[PDB]
>>> print(open('work37.csv').read())   # CSV, C-alpha atoms
chain,number,residue,atom,x,y,z
A,26,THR,CA,20.7,-24.6,18.9
A,27,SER,CA,23.0,-24.0,21.9
A,28,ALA,CA,26.1,-26.1,22.8
A,29,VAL,CA,24.3,-27.0,26.1
A,30,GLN,CA,21.2,-27.9,24.2
A,31,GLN,CA,23.3,-30.1,22.0
A,32,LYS,CA,24.8,-31.9,24.9
A,33,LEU,CA,21.4,-32.5,26.4
A,34,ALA,CA,20.3,-34.0,23.0
A,35,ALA,CA,23.3,-36.3,23.1
A,36,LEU,CA,22.4,-37.3,26.7
A,37,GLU,CA,18.8,-38.0,25.8
A,38,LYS,CA,19.9,-40.0,22.8
A,39,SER,CA,21.8,-42.6,24.8
A,40,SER,CA,19.3,-42.4,27.7
A,41,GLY,CA,16.6,-44.5,26.1
A,42,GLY,CA,13.9,-42.0,27.0
A,43,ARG,CA,12.5,-38.4,26.6
A,44,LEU,CA,14.2,-35.6,28.5
A,45,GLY,CA,12.8,-32.2,29.4
A,46,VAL,CA,14.9,-29.4,30.9
A,47,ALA,CA,14.3,-25.8,31.8
A,48,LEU,CA,16.8,-23.5,33.5
A,49,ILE,CA,16.3,-19.9,34.6
A,50,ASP,CA,19.5,-18.1,35.6
A,51,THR,CA,18.3,-15.2,37.8
A,52,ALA,CA,21.7,-13.5,37.2
A,53,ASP,CA,20.3,-12.3,33.9
A,54,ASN,CA,16.9,-13.9,33.6
A,55,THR,CA,18.1,-16.0,30.6
A,56,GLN,CA,16.7,-19.4,30.0
A,57,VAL,CA,18.0,-22.7,28.6
A,59,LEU,CA,15.3,-25.1,27.5
A,60,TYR,CA,15.3,-28.6,26.1
A,61,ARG,CA,11.8,-29.9,25.1
A,62,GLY,CA,10.8,-26.9,27.2
A,63,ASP,CA,7.3,-26.8,25.9
A,64,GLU,CA,6.5,-30.5,25.7
A,65,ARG,CA,4.3,-32.0,28.5
A,66,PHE,CA,5.7,-34.4,31.0
A,67,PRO,CA,3.9,-36.3,33.9
A,68,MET,CA,4.8,-34.3,37.1
A,69,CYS,CA,4.5,-37.2,39.5
A,70,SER,CA,5.6,-36.1,43.0
A,71,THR,CA,7.0,-32.7,41.8
A,72,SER,CA,3.3,-31.7,41.8
A,73,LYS,CA,3.5,-31.7,45.7
A,74,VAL,CA,5.3,-28.3,45.5
A,75,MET,CA,2.2,-26.7,44.0
A,76,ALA,CA,-0.2,-28.2,46.6
A,77,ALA,CA,2.0,-27.2,49.5
A,78,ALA,CA,2.3,-23.6,48.1
A,79,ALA,CA,-1.5,-23.4,47.6
A,80,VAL,CA,-2.0,-24.2,51.3
A,81,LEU,CA,0.7,-21.7,52.2
A,82,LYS,CA,-1.3,-19.1,50.1
A,83,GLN,CA,-4.4,-19.9,52.1
A,84,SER,CA,-2.5,-19.5,55.4
A,85,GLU,CA,-1.8,-15.8,54.4
A,86,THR,CA,-5.4,-15.0,55.4
A,87,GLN,CA,-5.7,-17.6,58.2
A,88,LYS,CA,-2.8,-17.3,60.6
A,89,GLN,CA,-3.7,-20.5,62.4
A,90,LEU,CA,-4.3,-22.7,59.3
A,91,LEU,CA,-1.0,-24.5,59.5
A,92,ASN,CA,-1.7,-25.5,63.1
A,93,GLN,CA,-5.1,-26.9,62.1
A,94,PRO,CA,-5.3,-30.7,62.9
A,95,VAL,CA,-6.3,-33.1,60.2
A,96,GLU,CA,-7.5,-36.7,61.1
A,97,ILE,CA,-5.6,-39.6,59.6
A,98,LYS,CA,-7.6,-42.7,59.3
A,99,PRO,CA,-6.5,-46.3,58.4
A,100,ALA,CA,-8.4,-45.9,55.1
A,101,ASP,CA,-6.4,-42.8,54.2
A,102,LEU,CA,-3.2,-44.7,53.8
A,103,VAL,CA,-2.2,-45.1,50.2
A,104,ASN,CA,1.0,-46.6,48.6
A,105,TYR,CA,3.8,-44.7,50.3
A,106,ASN,CA,3.1,-43.0,53.7
A,107,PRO,CA,6.4,-43.0,55.8
A,108,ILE,CA,5.1,-40.2,58.0
A,109,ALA,CA,1.3,-40.5,58.0
A,110,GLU,CA,1.3,-44.2,59.0
A,111,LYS,CA,2.7,-43.2,62.4
A,112,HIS,CA,-0.3,-41.0,62.9
A,113,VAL,CA,-3.2,-43.3,61.9
A,114,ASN,CA,-6.2,-42.8,64.3
A,115,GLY,CA,-4.5,-39.5,65.3
A,116,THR,CA,-4.0,-36.2,63.7
A,117,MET,CA,-1.3,-34.2,61.8
A,118,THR,CA,-1.4,-30.4,61.3
A,119,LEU,CA,-1.3,-28.9,57.8
A,120,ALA,CA,2.3,-27.7,58.5
A,121,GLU,CA,3.2,-31.3,59.4
A,122,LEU,CA,1.4,-32.6,56.3
A,123,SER,CA,3.1,-30.1,54.1
A,124,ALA,CA,6.6,-31.0,55.5
A,125,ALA,CA,5.8,-34.7,55.1
A,126,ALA,CA,4.6,-34.3,51.5
A,127,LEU,CA,7.6,-32.1,50.4
A,128,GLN,CA,10.5,-33.6,52.4
A,129,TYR,CA,9.5,-37.3,52.4
A,130,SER,CA,7.0,-37.4,49.5
A,131,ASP,CA,4.4,-38.9,51.8
A,132,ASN,CA,1.3,-39.6,49.6
A,133,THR,CA,-1.3,-39.6,52.3
A,134,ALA,CA,0.0,-36.2,53.3
A,135,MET,CA,-0.3,-35.0,49.7
A,136,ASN,CA,-3.9,-36.3,49.6
A,137,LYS,CA,-4.7,-34.2,52.7
A,138,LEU,CA,-3.3,-31.1,51.1
A,139,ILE,CA,-5.4,-31.7,47.9
A,140,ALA,CA,-8.5,-32.3,50.0
A,141,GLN,CA,-7.8,-29.0,51.9
A,142,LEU,CA,-7.8,-27.2,48.5
A,143,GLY,CA,-11.1,-28.9,47.6
A,144,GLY,CA,-9.7,-31.5,45.1
A,145,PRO,CA,-7.1,-31.7,42.3
A,146,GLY,CA,-8.8,-28.7,40.6
A,147,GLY,CA,-8.1,-26.5,43.6
A,148,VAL,CA,-4.4,-27.0,43.0
A,149,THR,CA,-4.8,-26.2,39.3
A,150,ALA,CA,-6.8,-23.1,40.3
A,151,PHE,CA,-4.0,-21.8,42.5
A,152,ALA,CA,-1.5,-22.4,39.6
A,153,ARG,CA,-3.7,-20.2,37.3
A,154,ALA,CA,-4.0,-17.5,40.0
A,155,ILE,CA,-0.2,-17.2,40.0
A,156,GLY,CA,0.1,-17.0,36.3
A,157,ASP,CA,0.8,-20.6,35.4
A,158,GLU,CA,-1.6,-21.5,32.5
A,159,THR,CA,0.1,-24.9,31.8
A,160,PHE,CA,0.1,-26.9,35.1
A,161,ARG,CA,-2.9,-29.2,35.6
A,162,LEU,CA,-3.6,-31.6,38.5
A,163,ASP,CA,-6.4,-34.0,37.6
A,164,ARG,CA,-6.2,-36.9,40.2
A,165,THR,CA,-5.2,-37.7,43.7
A,166,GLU,CA,-2.4,-40.0,45.0
A,167,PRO,CA,-1.5,-42.5,43.8
A,168,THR,CA,-3.1,-42.5,40.4
A,169,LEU,CA,-1.8,-39.0,39.4
A,170,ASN,CA,1.5,-40.9,38.8
A,171,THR,CA,0.4,-43.3,36.1
A,172,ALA,CA,2.5,-41.2,33.6
A,173,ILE,CA,1.0,-42.7,30.5
A,174,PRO,CA,2.6,-41.4,27.3
A,175,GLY,CA,0.3,-38.9,25.5
A,176,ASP,CA,-1.9,-38.5,28.6
A,177,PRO,CA,-2.4,-34.8,29.4
A,178,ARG,CA,-3.6,-35.5,33.0
A,179,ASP,CA,-1.3,-34.3,35.8
A,180,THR,CA,1.3,-32.8,33.5
A,181,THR,CA,3.1,-29.5,32.9
A,182,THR,CA,6.0,-28.4,30.7
A,183,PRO,CA,9.6,-27.7,31.9
A,184,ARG,CA,9.3,-24.0,31.0
A,185,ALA,CA,6.1,-23.6,32.9
A,186,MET,CA,7.3,-25.3,36.1
A,187,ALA,CA,10.6,-23.5,36.1
A,188,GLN,CA,8.8,-20.1,35.9
A,189,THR,CA,6.3,-21.1,38.6
A,190,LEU,CA,9.1,-22.4,40.9
A,191,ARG,CA,10.9,-19.1,40.5
A,192,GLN,CA,7.8,-17.1,41.3
A,193,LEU,CA,7.1,-19.2,44.4
A,194,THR,CA,10.6,-19.3,45.8
A,195,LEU,CA,12.4,-16.2,44.7
A,196,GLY,CA,9.5,-14.0,43.6
A,197,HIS,CA,6.2,-12.7,45.1
A,198,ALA,CA,3.6,-15.4,44.4
A,199,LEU,CA,3.5,-16.0,48.2
A,200,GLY,CA,3.8,-13.6,51.1
A,201,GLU,CA,7.3,-13.2,52.6
A,202,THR,CA,6.9,-15.5,55.5
A,203,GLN,CA,5.3,-18.2,53.3
A,204,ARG,CA,8.0,-17.9,50.6
A,205,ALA,CA,10.6,-18.4,53.4
A,206,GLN,CA,8.7,-21.4,54.8
A,207,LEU,CA,8.5,-23.1,51.3
A,208,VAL,CA,12.3,-22.6,50.7
A,209,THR,CA,13.1,-23.9,54.2
A,210,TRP,CA,11.0,-27.1,53.5
A,211,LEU,CA,12.6,-27.6,50.0
A,212,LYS,CA,16.1,-27.1,51.4
A,213,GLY,CA,15.3,-29.8,54.0
A,214,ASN,CA,14.3,-32.4,51.3
A,215,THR,CA,15.5,-35.9,52.1
A,216,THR,CA,15.1,-37.5,48.7
A,217,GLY,CA,17.2,-35.5,46.2
A,218,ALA,CA,20.9,-36.3,46.7
A,219,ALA,CA,21.0,-38.6,43.6
A,220,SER,CA,19.1,-36.3,41.2
A,221,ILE,CA,19.8,-32.7,40.2
A,222,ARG,CA,22.0,-32.2,43.1
A,223,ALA,CA,24.3,-35.1,42.2
A,224,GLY,CA,25.2,-33.1,39.1
A,225,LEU,CA,26.1,-29.9,40.9
A,226,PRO,CA,29.3,-28.9,42.8
A,227,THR,CA,29.0,-29.8,46.5
A,228,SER,CA,29.4,-26.2,47.7
A,229,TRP,CA,26.3,-25.2,45.8
A,230,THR,CA,23.3,-25.4,48.2
A,231,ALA,CA,19.8,-26.2,47.0
A,232,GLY,CA,16.3,-27.2,47.7
A,233,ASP,CA,14.4,-29.6,45.5
A,234,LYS,CA,11.4,-31.9,45.1
A,235,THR,CA,11.8,-35.2,43.2
A,236,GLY,CA,9.3,-37.4,41.5
A,237,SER,CA,9.0,-41.0,40.3
A,238,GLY,CA,6.2,-42.8,38.5
A,240,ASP,CA,5.3,-45.5,36.0
A,241,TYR,CA,7.1,-45.5,32.6
A,242,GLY,CA,10.3,-45.1,34.5
A,243,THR,CA,9.3,-41.4,35.0
A,244,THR,CA,12.1,-39.7,37.0
A,245,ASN,CA,11.8,-36.0,37.8
A,246,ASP,CA,13.3,-33.2,40.0
A,247,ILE,CA,12.7,-29.5,40.3
A,248,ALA,CA,15.2,-27.3,42.2
A,249,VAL,CA,16.2,-23.9,43.3
A,250,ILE,CA,19.9,-23.6,43.5
A,251,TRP,CA,22.3,-21.1,45.2
A,252,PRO,CA,25.7,-21.5,43.4
A,254,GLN,CA,28.7,-20.3,45.2
A,255,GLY,CA,29.2,-16.6,44.3
A,256,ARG,CA,26.3,-16.1,41.9
A,257,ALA,CA,22.6,-15.4,41.7
A,258,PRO,CA,20.3,-18.4,42.2
A,259,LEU,CA,19.2,-20.7,39.5
A,260,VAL,CA,15.9,-22.5,39.0
A,261,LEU,CA,16.2,-25.9,37.3
A,262,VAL,CA,13.6,-28.5,36.2
A,263,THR,CA,14.6,-31.9,34.8
A,264,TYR,CA,11.9,-34.3,33.6
A,265,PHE,CA,12.5,-37.8,32.2
A,266,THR,CA,10.1,-40.5,31.0
A,267,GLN,CA,10.5,-43.8,29.2
A,268,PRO,CA,8.5,-45.9,26.6
A,269,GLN,CA,7.8,-49.0,28.8
A,270,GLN,CA,5.4,-49.0,31.7
A,271,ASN,CA,7.8,-50.9,34.0
A,272,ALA,CA,11.0,-49.1,33.1
A,273,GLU,CA,13.5,-48.5,35.9
A,274,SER,CA,14.2,-45.0,37.5
A,275,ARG,CA,17.1,-43.1,36.0
A,276,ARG,CA,18.1,-40.4,38.6
A,277,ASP,CA,21.5,-40.5,37.0
A,278,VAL,CA,20.1,-39.0,33.8
A,279,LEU,CA,18.8,-36.1,35.9
A,280,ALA,CA,22.2,-35.7,37.5
A,281,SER,CA,23.9,-35.8,34.0
A,282,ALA,CA,21.5,-33.1,32.8
A,283,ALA,CA,22.3,-30.9,35.8
A,284,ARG,CA,26.0,-31.4,35.3
A,285,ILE,CA,25.7,-30.3,31.7
A,286,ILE,CA,23.8,-27.2,32.8
A,287,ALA,CA,26.3,-26.4,35.6
A,288,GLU,CA,29.3,-26.8,33.3
A,289,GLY,CA,27.6,-24.6,30.8
A,290,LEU,CA,27.2,-21.6,33.1
>>> encode(input="work37.csv", output="structure tokens")
Amino acid sequence: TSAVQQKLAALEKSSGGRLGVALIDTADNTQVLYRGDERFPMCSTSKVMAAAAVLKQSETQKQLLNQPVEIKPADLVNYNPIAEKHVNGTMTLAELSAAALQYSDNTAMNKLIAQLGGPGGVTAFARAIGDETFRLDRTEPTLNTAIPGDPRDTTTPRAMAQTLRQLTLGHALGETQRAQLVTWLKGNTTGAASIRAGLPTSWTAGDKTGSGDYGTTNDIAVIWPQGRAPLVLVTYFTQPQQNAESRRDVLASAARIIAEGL
């Protein structure tokens, strides 16, 4: 349809995979979508919803984020850069939230999921804020199997962009909580090669990346371009073979097409 959508099609064509993009420009609330209503495995981008759900709980429990949580040797999963330092000790929910969002610590995510009563608790929060698409079905690390055609642990680009806007720029969360989420996202350590690699350096942003089997490579971001209203951008990418390599460069390419199209 659009020129931007045509460029994204061309990128996808030589990418060797399936690309999903959703942009919301809050300057005018317009949207640009590519496979915007197709489902994609969220992988680590799902951590944003879990952290936000705990932030929502903290609105009625002022000391919740300071609540200690025991980390046991058995809790360690496949990637736990922060939690492994606290085995046989504790981490507060604020620490687990920061670890999950900024380092993609999987043990930390599992603690957030447990605090919400299981994967379904994350889905329940999504529904409460108006997201009828998002679904979390499993814990770390199996929520990242990313099997083609599998509806578990998926969402669509359109749905995730709308929810990320509501969480970071809208009123899904209380003012203090919304600010805390944005602060964590802006402090992410894993996104320089993804959406942000395709944006002008002056533009500041916060994001959450994701990687899974099938060469799944994702990123969701809130962007503050120089001189204009913020943008919310989601880029999902998945490939045909289970052992496919990550392609963060495809996400950066998509982001560049979006930026040049503004």
>>> closest_residue(input="work37.csv", among="A:221, A:135, A:69, A:28", to="residue 237 in chain A", atoms="all atoms listed in the file")
A:69
>>> closest_residue(input="work37.csv", among="A:192, A:206, A:267, A:220", to="residue 152 in chain A", atoms="all atoms listed in the file")
A:192
>>> closest_residue(input="work37.csv", among="A:165, A:266, A:180, A:243", to="residue 68 in chain A", atoms="only C-alpha atoms")
A:180
>>> closest_residue(input="work37.csv", among="A:126, A:213, A:277, A:188", to="residue 59 in chain A", atoms="all atoms listed in the file")
A:188
>>> closest_atom_pairs(input="work37.csv", of="range 143-202 of chain A", to="range 86-106 of chain A", cutoff="12 Å", atoms="only C-alpha atoms", output="tab-separated table")
residue	atom	partner	partner_atom	distance
A:165	CA	A:103	CA	10.3
A:166	CA	A:103	CA	7.3
A:167	CA	A:104	CA	6.8
A:168	CA	A:104	CA	10.0
A:170	CA	A:104	CA	11.3
A:199	CA	A:86	CA	11.5
A:200	CA	A:86	CA	10.3
A:202	CA	A:88	CA	11.1
>>> residues_around(input="work37.csv", residues="residue 81 in chain A", least_positions_apart="3", cutoff="12 Å", atoms="all atoms listed in the file", output="CSV table (one decimal) with C-alpha atoms, keeping the file's coordinate frame")
chain,number,residue,atom,x,y,z
A,74,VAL,CA,5.3,-28.3,45.5
A,75,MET,CA,2.2,-26.7,44.0
A,76,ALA,CA,-0.2,-28.2,46.6
A,77,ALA,CA,2.0,-27.2,49.5
A,78,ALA,CA,2.3,-23.6,48.1
A,84,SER,CA,-2.5,-19.5,55.4
A,85,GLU,CA,-1.8,-15.8,54.4
A,86,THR,CA,-5.4,-15.0,55.4
A,87,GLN,CA,-5.7,-17.6,58.2
A,88,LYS,CA,-2.8,-17.3,60.6
A,89,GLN,CA,-3.7,-20.5,62.4
A,90,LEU,CA,-4.3,-22.7,59.3
A,91,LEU,CA,-1.0,-24.5,59.5
A,92,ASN,CA,-1.7,-25.5,63.1
A,119,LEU,CA,-1.3,-28.9,57.8
A,120,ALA,CA,2.3,-27.7,58.5
A,122,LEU,CA,1.4,-32.6,56.3
A,123,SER,CA,3.1,-30.1,54.1
A,124,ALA,CA,6.6,-31.0,55.5
A,138,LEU,CA,-3.3,-31.1,51.1
A,141,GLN,CA,-7.8,-29.0,51.9
A,142,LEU,CA,-7.8,-27.2,48.5
A,148,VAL,CA,-4.4,-27.0,43.0
A,151,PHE,CA,-4.0,-21.8,42.5
A,193,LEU,CA,7.1,-19.2,44.4
A,198,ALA,CA,3.6,-15.4,44.4
A,199,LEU,CA,3.5,-16.0,48.2
A,200,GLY,CA,3.8,-13.6,51.1
A,201,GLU,CA,7.3,-13.2,52.6
A,202,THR,CA,6.9,-15.5,55.5
A,203,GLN,CA,5.3,-18.2,53.3
A,204,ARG,CA,8.0,-17.9,50.6
A,205,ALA,CA,10.6,-18.4,53.4
A,206,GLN,CA,8.7,-21.4,54.8
A,207,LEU,CA,8.5,-23.1,51.3
A,208,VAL,CA,12.3,-22.6,50.7
A,210,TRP,CA,11.0,-27.1,53.5
>>> residues_near_point(input="work37.csv", point="(3.0, -41.5, 36.0)", cutoff="12 Å", atoms="all atoms listed in the file", output="PyMOL selection string")
chain A and resi 66-72+164-180+236-238+240-245+264-272+274
>>> atom_distance(input="work37.csv", atom1="CA of residue 260 in chain A", atom2="CA of residue 215 in chain A")
18.7 Å
>>> build_atoms(input="work37.csv", residues="range 132-150 of chain A", atoms="N, CA, C and O atoms", output="mmCIF file, keeping the file's coordinate frame")
data_model
loop_
_atom_site.group_PDB
_atom_site.id
_atom_site.type_symbol
_atom_site.label_atom_id
_atom_site.label_comp_id
_atom_site.auth_asym_id
_atom_site.auth_seq_id
_atom_site.Cartn_x
_atom_site.Cartn_y
_atom_site.Cartn_z
ATOM 1 N N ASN A 132 2.487 -39.731 50.478
ATOM 2 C CA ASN A 132 1.300 -39.600 49.600
ATOM 3 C C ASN A 132 0.001 -39.397 50.350
ATOM 4 O O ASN A 132 -0.897 -38.777 49.792
ATOM 5 N N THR A 133 -0.117 -39.906 51.568
ATOM 6 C CA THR A 133 -1.300 -39.600 52.300
ATOM 7 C C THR A 133 -1.288 -38.146 52.642
ATOM 8 O O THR A 133 -2.315 -37.473 52.575
ATOM 9 N N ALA A 134 -0.103 -37.624 52.972
ATOM 10 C CA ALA A 134 0.000 -36.200 53.300
ATOM 11 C C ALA A 134 -0.415 -35.353 52.091
ATOM 12 O O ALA A 134 -1.193 -34.398 52.240
ATOM 13 N N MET A 135 0.080 -35.692 50.900
ATOM 14 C CA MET A 135 -0.300 -35.000 49.700
ATOM 15 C C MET A 135 -1.858 -35.009 49.553
ATOM 16 O O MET A 135 -2.493 -33.996 49.246
ATOM 17 N N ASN A 136 -2.461 -36.182 49.744
ATOM 18 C CA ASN A 136 -3.900 -36.300 49.600
ATOM 19 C C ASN A 136 -4.671 -35.319 50.540
ATOM 20 O O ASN A 136 -5.741 -34.815 50.190
ATOM 21 N N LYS A 137 -4.116 -35.090 51.730
ATOM 22 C CA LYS A 137 -4.700 -34.200 52.700
ATOM 23 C C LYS A 137 -4.580 -32.755 52.200
ATOM 24 O O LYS A 137 -5.490 -31.952 52.358
ATOM 25 N N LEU A 138 -3.434 -32.431 51.596
ATOM 26 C CA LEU A 138 -3.300 -31.100 51.100
ATOM 27 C C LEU A 138 -4.269 -30.862 49.924
ATOM 28 O O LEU A 138 -4.914 -29.815 49.849
ATOM 29 N N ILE A 139 -4.416 -31.852 49.055
ATOM 30 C CA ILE A 139 -5.400 -31.700 47.900
ATOM 31 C C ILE A 139 -6.784 -31.576 48.449
ATOM 32 O O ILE A 139 -7.547 -30.752 47.939
ATOM 33 N N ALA A 140 -7.144 -32.347 49.464
ATOM 34 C CA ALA A 140 -8.500 -32.300 50.000
ATOM 35 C C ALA A 140 -8.721 -30.864 50.650
ATOM 36 O O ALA A 140 -9.817 -30.311 50.555
ATOM 37 N N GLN A 141 -7.694 -30.312 51.290
ATOM 38 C CA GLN A 141 -7.800 -29.000 51.900
ATOM 39 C C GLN A 141 -8.051 -27.905 50.830
ATOM 40 O O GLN A 141 -8.646 -26.871 51.115
ATOM 41 N N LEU A 142 -7.628 -28.173 49.596
ATOM 42 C CA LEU A 142 -7.800 -27.200 48.500
ATOM 43 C C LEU A 142 -9.061 -27.552 47.714
ATOM 44 O O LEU A 142 -9.335 -26.920 46.692
ATOM 45 N N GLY A 143 -9.816 -28.540 48.203
ATOM 46 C CA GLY A 143 -11.100 -28.900 47.600
ATOM 47 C C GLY A 143 -10.967 -29.878 46.373
ATOM 48 O O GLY A 143 -11.914 -29.994 45.585
ATOM 49 N N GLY A 144 -9.842 -30.572 46.242
ATOM 50 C CA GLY A 144 -9.700 -31.500 45.100
ATOM 51 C C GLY A 144 -8.547 -31.095 44.205
ATOM 52 O O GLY A 144 -8.017 -29.982 44.315
ATOM 53 N N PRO A 145 -8.162 -31.964 43.267
ATOM 54 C CA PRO A 145 -7.100 -31.700 42.300
ATOM 55 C C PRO A 145 -7.247 -30.306 41.620
ATOM 56 O O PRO A 145 -6.281 -29.580 41.429
ATOM 57 N N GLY A 146 -8.490 -29.990 41.248
ATOM 58 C CA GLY A 146 -8.800 -28.700 40.600
ATOM 59 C C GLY A 146 -8.464 -27.508 41.392
ATOM 60 O O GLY A 146 -8.254 -26.435 40.838
ATOM 61 N N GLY A 147 -8.435 -27.652 42.717
ATOM 62 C CA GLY A 147 -8.100 -26.500 43.600
ATOM 63 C C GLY A 147 -6.605 -26.209 43.422
ATOM 64 O O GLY A 147 -6.181 -25.053 43.570
ATOM 65 N N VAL A 148 -5.804 -27.232 43.137
ATOM 66 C CA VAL A 148 -4.400 -27.000 43.000
ATOM 67 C C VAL A 148 -4.185 -26.317 41.637
ATOM 68 O O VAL A 148 -3.411 -25.367 41.537
ATOM 69 N N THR A 149 -4.893 -26.780 40.610
ATOM 70 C CA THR A 149 -4.800 -26.200 39.300
ATOM 71 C C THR A 149 -5.261 -24.699 39.384
ATOM 72 O O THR A 149 -4.635 -23.805 38.791
ATOM 73 N N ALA A 150 -6.340 -24.452 40.130
ATOM 74 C CA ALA A 150 -6.800 -23.100 40.300
ATOM 75 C C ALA A 150 -5.769 -22.157 40.890
ATOM 76 O O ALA A 150 -5.637 -21.002 40.465
#
